[PDB]
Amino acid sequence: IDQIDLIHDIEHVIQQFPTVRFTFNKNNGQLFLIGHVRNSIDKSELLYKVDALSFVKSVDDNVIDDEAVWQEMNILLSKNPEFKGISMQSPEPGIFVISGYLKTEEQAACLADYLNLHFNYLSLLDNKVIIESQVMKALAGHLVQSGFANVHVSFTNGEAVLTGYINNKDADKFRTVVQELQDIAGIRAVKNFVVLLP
């Protein structure tokens, strides 16, 4: 008398949760599920909806809460004093992003190692982390190369600080040079205390 249409029913639910997939065993009624959701709230809504299907006897839940995964990661990072300026986020189910500032490449390498060994979703991770010594080098490089040999600089977590001396006649040039230093990935801020000589 027409059995319930199993397939249409299941798909009406799982189509609301991107990255979700399924299998059904009609001999014993077991529904298999896998994939990602943004957080524990989303996961909850999914599981109720398939549980509600007439023909579904049981559920093997292999779906991942993404939020749990990166907050856990951020805790672990914070315990390493070298990783202080670094954190992880997720913009979309099944995607992770790591960002911020480390001091040296030595510190960058430790970070990489730590993730291969200690993160299970490396295949889903975007890395955006900056190295401060590499930015600092390039800042100091560009100034001198530009003619400003008595301006010192220092970078740390997005901010660059300028001090020392320029000839009064070079104030307008110095301004454009700085606007160039800003094109470097990871510059978020600049402080100028350069003094002009008359």
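Start at 1 with the first residue shown and count on from there.
- Message: Averaging CA B factors per stretch from the PDB record, which one is higher: 152-160 or 40-48?
- Response: Mean CA B-factor is higher for 152-160.
- Message: Quick check on the record: does 71-79 or 124-132 carry the larger mean Cα temperature factor?
- Response: The stretch with the larger average C-alpha B-factor is 124-132.
- Message: When the deposited Cα B-factors of this chain's modelled residues are ordered and cut into thirds, is residue 146 in the lowest, the middle or the highest one?
- Response: According to the entry, residue 146 has a C-alpha B-factor in the chain's middle third.
- Looking at the C-alpha B-factor of residue 167, is it in the lowest, middle or highest third of its chain? Lowest third.
- Query: How does residue 27 rank on Cα B-factor within its chain, lowest, middle or highest third?
  - Reply: Its C-alpha B-factor belongs to the highest third of this chain's values.
- Where the record places residue 139 (Cα B-factor, split into thirds across the chain): Middle third by C-alpha B-factor.
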